[PDB]
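*Asks:* Take this structure, written in structure tokens, and hold onto it; I'll ask about it next.
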Amino acid sequence: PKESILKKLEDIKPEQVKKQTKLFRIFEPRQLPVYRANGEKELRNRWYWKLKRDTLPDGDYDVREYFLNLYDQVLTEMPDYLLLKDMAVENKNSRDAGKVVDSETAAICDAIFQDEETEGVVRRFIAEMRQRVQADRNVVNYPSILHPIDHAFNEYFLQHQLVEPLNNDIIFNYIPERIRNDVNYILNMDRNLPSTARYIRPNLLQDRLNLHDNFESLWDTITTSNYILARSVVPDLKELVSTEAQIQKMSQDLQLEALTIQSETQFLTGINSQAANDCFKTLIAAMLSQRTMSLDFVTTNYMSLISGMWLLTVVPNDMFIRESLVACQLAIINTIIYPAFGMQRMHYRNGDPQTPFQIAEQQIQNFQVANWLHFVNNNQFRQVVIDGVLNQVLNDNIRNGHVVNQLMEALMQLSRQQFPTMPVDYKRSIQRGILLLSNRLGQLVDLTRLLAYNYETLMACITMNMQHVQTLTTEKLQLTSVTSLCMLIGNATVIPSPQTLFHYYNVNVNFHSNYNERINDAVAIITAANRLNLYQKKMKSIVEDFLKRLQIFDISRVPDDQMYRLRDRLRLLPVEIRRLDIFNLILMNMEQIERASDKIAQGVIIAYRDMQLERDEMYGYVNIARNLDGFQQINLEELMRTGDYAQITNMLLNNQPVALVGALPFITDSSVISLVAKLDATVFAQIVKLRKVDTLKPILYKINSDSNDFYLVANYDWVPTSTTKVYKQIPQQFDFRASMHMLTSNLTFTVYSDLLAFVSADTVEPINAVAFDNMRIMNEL
Amino acid sequence: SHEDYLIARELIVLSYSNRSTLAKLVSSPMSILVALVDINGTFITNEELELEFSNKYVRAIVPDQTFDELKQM
């Protein structure tokens, strides 16, 4: 439950560095025939660009879904670096025994070298294409054969690959400035790293979402996670004073009945260790995570009320929750302070805007206590940005502990008073209770300095900005765990080891990097869905993925409303450069991909006019059209949202020219007898009876000598005329030379993921351990 | 329980003959197993029964040859 959360955090592996083995390709060459004009067939054939994996659906919405999925695929392939030599291969026909980048490039080059029907120029070009190196720069240049879109993607992955030269200085600069400038730590390393090396930098950009603005259920989990993580790095109090050698001193100071030890006259309750460490840990982890902590005490126990002073001084009051410290301040005022000057008990109100210390600061007239209470009331954090991260810092008087001297001033005054309204036993009890703290004065000073030092030291190892906001759930703090700490402490300094610091810092780095990376993912898909007009898409499962990849939440019990608000915030975030460019390489070429794919067609023209067929050459004569100009067009996805087959039905019954637009299948018919019979005009009657338009499959009239009735064309002097052309483009022709490119890359670098393993770190002997003021801590005796 | 039955049936039938090399055997791997369990939460000592728990996490950096030892065992 608790241990599980830290198991989840510390099992966040970093982002695994990517490196591709092949090249992104969508297209491939393919031999088709070539049909000379008049239709008949050459002995020679020819290469054309075709698509790998024709899988485009029917309908435009489904095609835009296809391109979103392709965008996701390309992102998943989107690498972080690459070395082209690792994919390079030989060329079996190169003059110089050279190489080429990809295996498929070589397959192409070795199939075109063999064909009868290739010029000698291309074979020469293949013999002369090879690798090159220039080692002074550690650069290599390999050949490649690539469709222009493929070259665009590959070249982008080249020019925009995320690495940074690694050296021995960046290792230091990766550490916070505070640790390097803290004299209590000594650092070194046993290796020099070359300039051949590399390293990837995390994305540590602060919260783009403001989850501290009305996502309290999520912020509770985040803050709890950081609290429990911080508990795992606060040091244990290795050495104290014994728990029985103290209580006898306390008892003789109090002059108690024998064998009251097992009754624990309320001064002596919960003095043990296992609470002092608990308080020491809780306070620091709460201030680090900025998690509110509530107080469960008792009023019979006056030592708890006395030790609450040290707490309410060293710790801000806006850090607690209101009713708890209201109760505690009220108690202190009513039974330590106002009875010491003959004041009335008090008259406090439950829903009162002011806290008891405020309304007491002005009533009583004593300098010491008044100014102490002034400090308490106006104690608060100081925001300050350091090393990029916001930080909540203490006063610089709490740190070099002198607040405790104001406290002692107040307490000594209260010792010096009399309690006229009240009996002698009461005064005696209180004054002994505060002498037990007076006698621990120097240790209190040392404790304050030690907490402040460890707090700032661990603050140094924080990446996400640390906001001061109250929370739903709190953390209990029994004041017996304060009294213990204030009473079980001495001559025992504890400095967090550097390894704990590095661990905590890398943990926070990895969480922050994961957070930013997944944000960028979700923002990319949301923006892409909105720019591809995907309107039926309910944007929830994406946010479920976003929260699942953040390994601390429970999506099983988070509603849809938080998800949609989170989506509304994610809409307004800029996409990073990589993803945006990869998407804009698709918006400008998704159509050119969609003009290909001989499984769909971009429309069908219906013009009751005996129109001519086109002299293409991968086909012969076809009923093809490539502009869609003239005739008025009707989009079918509109027709399939709002079924209104009134317009189209009117137009079909009246034989009116029209065009129909949308990804349509088609079926080829290489029968000339299907041309003069005019079967393509027979297809649109099912649109008037069963008003659906899904089983709509126009005809393509590819005619050639391979058609078994072609002889008519070559005997009768008739150009194939026809009706109801199809809106479709032709394949492109494969130019080997123009398809060739040279891909650059770096030669033989080495990528180092972890960055502090090369750092060895040590602490000075904690007796001679020092704080910000160049003045020893744990020195009072 | 079932595993209790397995253990008991597997010792009662073998303790009828082996009487010198049995408890030494099954009790030996344990010394290694303790060196394989990651800490998530700890207890501490100060003075003869004092405790002060720690939420400290600690992994288990076990070498490879002790696995071979355990396998031989």
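Positions of Cβ are backbone-derived with ideal geometry, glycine not excepted, and every protein chain shown enters the neighbour counts. Only the coordinates and a few stated rules stand behind these numbers; no lab work does.
*Asks:* Output the residues belonging to the stretch A:517-534 that are more than 11 Å from the chain's Cα centre (by Cα) and in contact (Cβ under 8 Å) with a residue 60 or more places away in the chain.
*Replies:* Passing the criteria: A:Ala524, A:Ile525, A:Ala528, A:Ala529, A:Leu532, A:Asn533, A:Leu534.
*Asks:* Tally up the residues in the stretch A:494-516 that are within 21 Å of A:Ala769 (Cα to Cα) and not hydrophobic (A, V, I, L, M, F, W, C), please. Walk me through it before giving the result.
*Replies:* Step one: list which residues in the stretch A:494-516 are within 21 Å of A:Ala769 (Cα to Cα), which gives A:494-502.
So of that shortlist, the ones also not hydrophobic (A, V, I, L, M, F, W, C) come out as A:496-500.
Looking only at that region, the number is 5.
*Asks:* When you go through (1) in contact with a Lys or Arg (Cβ under 9 Å, 6 or more places away or on another chain); (2) in contact (Cβ under 8 Å) with a residue 40 or more places away in the chain; (3) among the β-branched types (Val, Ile, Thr) one by one for A:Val89, which number turns out not to apply?
*Replies:* (2)
*Asks:* Can you tell me which residue within the stretch A:220-242, out of those that are at the interface with another protein chain (Cβ under 8 Å from one of its Cβ atoms) and not in a loop (DSSP other than H, G, I, E, B), is nearest to the chain's Cα centre (by Cα)?
*Replies:* Top of the filtered list is A:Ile228.
*Asks:* Restricting attention to the stretch A:227-271, and to residues there that are touching a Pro at 6+ places or on another chain (Cβ under 9 Å) and among the hydrophobic types (A, V, I, L, M, F, W, C), which single residue is farthest from A:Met287 (Cα to Cα)? If you could, list the steps in order and put the result at the bottom.
*Replies:* To start, the set of residues in the stretch A:227-271 that are touching a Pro at 6+ places or on another chain (Cβ under 9 Å) comprises A:233-235.
From what's left, among the hydrophobic types (A, V, I, L, M, F, W, C): A:233-234.
Working: A:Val233: 14, A:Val234: 12 Å.
Taking the candidates together, the pick is A:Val233.
*Asks:* Something else about it: Being surrounded by 15 or more Cβ atoms within 10 Å (Cβ to Cβ) and either of a type in the set (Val, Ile, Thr) or over 48 Å from the mean Cα position of the chain (by Cα) (or both) is the filter here, so list the residues in the stretch A:626-644 that pass it.
*Replies:* Those that are surrounded by 15 or more Cβ atoms within 10 Å (Cβ to Cβ) and either of a type in the set (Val, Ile, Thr) or over 48 Å from the mean Cα position of the chain (by Cα) (or both): A:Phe631, A:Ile634.
*Asks:* Also, I was wondering about something else. Which of the residues that make up the stretch A:661-675 are surrounded by fewer than 14 Cβ atoms within 10 Å (Cβ to Cβ) and assigned to a helix (DSSP H, G or I)?
*Replies:* Within the stretch A:661-675, A:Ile673 is the sole residue that qualifies.
*Asks:* Using the structure shown, decide if A:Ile149 is more than 24 Å from A:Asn589 (Cβ to Cβ) and among the hydrophobic types (A, V, I, L, M, F, W, C). If you could, list the steps in order and put the result at the bottom.
*Replies:* On the way: more than 24 Å from A:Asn589 (Cβ to Cβ): no; among the hydrophobic types (A, V, I, L, M, F, W, C): yes.
When the stated conditions are applied, A:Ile149 does not pass them.
*Asks:* Kindly evaluate A:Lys7 against the criterion of being without any contact (Cβ under 8 Å) to a residue 24 or more places away in the chain and within 14 Å of chain B (Cβ to nearest Cβ).
*Replies:* Working: without any contact (Cβ under 8 Å) to a residue 24 or more places away in the chain: yes; within 14 Å of chain B (Cβ to nearest Cβ): yes.
Considered against the rule, which asks whether it is without any contact (Cβ under 8 Å) to a residue 24 or more places away in the chain and within 14 Å of chain B (Cβ to nearest Cβ), A:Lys7 comes out as yes.
*Asks:* Being among the polar types (S, T, N, Q), assigned to a loop (DSSP other than H, G, I, E, B) and under 23 Å from A:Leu158 (Cα atoms) is the filter here, so list the residues in the stretch A:85-110 that pass it. Even if it seems obvious, please write down each step before you answer.
*Replies:* Going through the stretch A:85-110, the residues among the polar types (S, T, N, Q) turn out to be A:91, A:93-94, A:103, A:105.
So of that shortlist, the ones also assigned to a loop (DSSP other than H, G, I, E, B) come out as A:91, A:93-94.
A:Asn91 - this is the single residue of the stretch A:85-110 that is among the polar types (S, T, N, Q), assigned to a loop (DSSP other than H, G, I, E, B) and under 23 Å from A:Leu158 (Cα atoms).
*Asks:* Let me ask another. Have a look at A:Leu756, A:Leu700, A:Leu781 and point out the one that is buried (at least 16 other Cβ atoms within 10 Å of the Cβ), hydrophobic (A, V, I, L, M, F, W, C) and out of contact with any strand residue (DSSP E or B) (no Cβ under 9 Å at 6 or more places or on another chain). Walk me through it before giving the result.
*Replies:* On the way: A:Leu700 fails: out of contact with any strand residue (DSSP E or B) (no Cβ under 9 Å at 6 or more places or on another chain); A:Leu781 fails: buried (at least 16 other Cβ atoms within 10 Å of the Cβ).
Residue meeting the stated conditions: A:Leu756.
*Asks:* Next question, about the same structure. Can you name the condition, by its number, that A:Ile271 falls short on among (1) within 14 Å of chain B (Cβ to nearest Cβ); (2) buried (at least 21 other Cβ atoms within 10 Å of the Cβ); (3) within 26 Å of A:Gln383 (Cα to Cα)?
*Replies:* Among (1) within 14 Å of chain B (Cβ to nearest Cβ); (2) buried (at least 21 other Cβ atoms within 10 Å of the Cβ); (3) within 26 Å of A:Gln383 (Cα to Cα), A:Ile271 violates only (3).
*Asks:* Does the stretch A:127-159 hold any residues that are part of a helix (DSSP H, G or I) and touching a residue at least 60 places away in the same chain (Cβ under 8 Å), and which are they?
*Replies:* A:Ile149, A:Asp150, A:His151, A:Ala152, A:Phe153, A:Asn154, A:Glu155, A:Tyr156, A:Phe157, A:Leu158
*Asks:* A further question follows. Can you tell me which of A:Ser294, A:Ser307 is in contact (Cβ under 8 Å) with a residue 60 or more places away in the chain, closer than 17 Å to A:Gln443 by Cα, of a type in the set (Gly, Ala, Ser) and more than 14 Å from every other protein chain (Cβ to nearest Cβ)? Explain how you work it out, then say what you get.
*Replies:* Working: A:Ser294 fails: closer than 17 Å to A:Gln443 by Cα.
None of the other options fit; the residue is A:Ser307.
*Asks:* Which one of these is outside any loop (DSSP other than H, G, I, E, B) and under 27 Å from A:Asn584 (Cβ atoms): A:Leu68, A:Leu43, A:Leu32?
*Replies:* Values: A:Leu43 fails: under 27 Å from A:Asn584 (Cβ atoms); A:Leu32 fails: under 27 Å from A:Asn584 (Cβ atoms).
Every option except A:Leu68 fails the conditions.
*Asks:* Out of the residues in the stretch A:214-225 that are in contact with a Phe, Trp or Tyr (Cβ under 9 Å, 6 or more places away or on another chain) and not hydrophobic (A, V, I, L, M, F, W, C), state the one that is nearest to A:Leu283 (Cα to Cα).
*Replies:* Going through the qualifying residues, I end up with A:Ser225.
*Asks:* Taking A:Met319 and the conditions (1) within 38 Å of the chain's Cα centre (by Cα); (2) surrounded by 22 or more Cβ atoms within 10 Å (Cβ to Cβ); (3) of a type in the set (A, V, I, L, M, F, W, C), which numbered condition does it fall short on, given that it satisfies the others?
*Replies:* The number of the failed condition is (2).
*Asks:* Taking the residues in the stretch A:565-585 that are without any contact (Cβ under 8 Å) to a residue 12 or more places away in the chain and under 15 Å from A:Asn210 (Cα atoms) as candidates, determine which candidate is surrounded by the fewest Cβ atoms within 10 Å (Cβ to Cβ).
*Replies:* A:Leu572
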